[PDB]
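In PDB author numbering, the protein residues as written are 1 to 115. Heads up, the beta-carbon is just placed ideally off N, CA and C, and yes, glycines get one too. Report on the following structure.
Here it is as structure tokens:
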């Protein structure tokens, strides 16, 4: 036996989204964990959310700098570099409304000695 269909299709291919369902999430090896004095970045999901105002701020045992970047492809790119190993309290807000899942907890370590 064998089966398989190409599938339906229509012209003026146009897909519209509704505001009803609109949420922003964040994931990546930069929010889960990291390495002292090591490059760490993560990605953020956001499509047709609304040009409002994204704010990012991380806390912990040491103040870390943030160079969040705004892209126009599909997701944003935020790069940062830790100063000391420890649980960093990442905080992200969207249009005066925290994101579903925050604050986030990342487990960063330190690798200096050459094992």
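- For residue 79, the closest C-alpha among the options 1, 30, 12, 17 is that of 30.
- Distance from the Cα of residue 56 is smallest, within the candidate group 35, 17, 3, 104, for 104.
- Within the region 28 to 104, the complete alpha helix (DSSP H) segments at least 4 residues long are 29 to 32, listed from N- to C-terminus.
- At the C-beta level, residue 44 and residue 83 stay beyond 9 Å of one another.
- Remark: fewer than three beta-carbon pairs, one from each stretch, lie closer than 8 Å, so the region 49 to 63 and the region 2 to 17 are not flagged as touching.
- With respect to residue 86, residue 62 sits close: the two C-beta atoms are nearer than 9 Å.
- Between residue 17 and the set 49, 37, 93, the nearest pair of CA atoms involves 49.
- For residue 64, the CB contacts under 8 Å within the same chain, skipping 5 residues up- and downstream, are 58, 80, 81, 82, 83, 88 in chain order.
- Residue environment for residue 46: buried (at least 16 other C-beta atoms within 10 angstroms of its C-beta).
- A check of alpha carbon separations from residue 60 across 96, 107, 41, 73 identifies 107 as the nearest.
- Put simply, of 77, 37, 4 the residue whose alpha carbon is nearest the alpha carbon of residue 25 is 77.
- Rounded to whole angstroms, residue 109 and residue 22 show a C-alpha spacing of 35 Å.
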